[PDB]
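A single chain, nothing else alongside it, follows as structure tokens in the form deposited in one PDB entry.
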């Protein structure tokens, strides 16, 4: 025994045989099984290990080969989005490391400007 479609929903098949879901209450359709929202991780962060988050699909096409479908953003891509996500997380920490280095470097300059201003205030003052 499986789990029922939530109230108002129906399952159907597109011309190519791909299953889709019909929400009669809101008069829309979706490639995403409405029961997935109770099971699947919502973001790549919540995934373990190889799982795809909600609204992502593997697909294939003879022209392009294996690719990925994101029903969340209504885009398709070649690159594995799980790989891409791990890469994005490292790049962000790298970026934060780099702006910390630049912030430190610029404050060193400010500090040195301030000690130059102290010297000038000393000169002006010792002119009495």
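Numbering follows the first chain given and starts at 1. Note that the rigid core is defined as the largest set of C-alphas that superpose within 1.5 Å between two forms.
Heads up, the form deposited in another entry isn't pictured, but that's what we're talking about next.
When two forms of a protein are overlaid on their rigid core, residues whose CA moves 2 Å or more are considered shifted, and residue 58 is not one of them between the shown form and the other one. The rigid-core alignment places the CA of residue 97 2 Å or more apart between the shown form and the other one.
Superposition on the rigid core between the shown form and the other one places the CA atom of residue 85 2 Å or more away from its counterpart.
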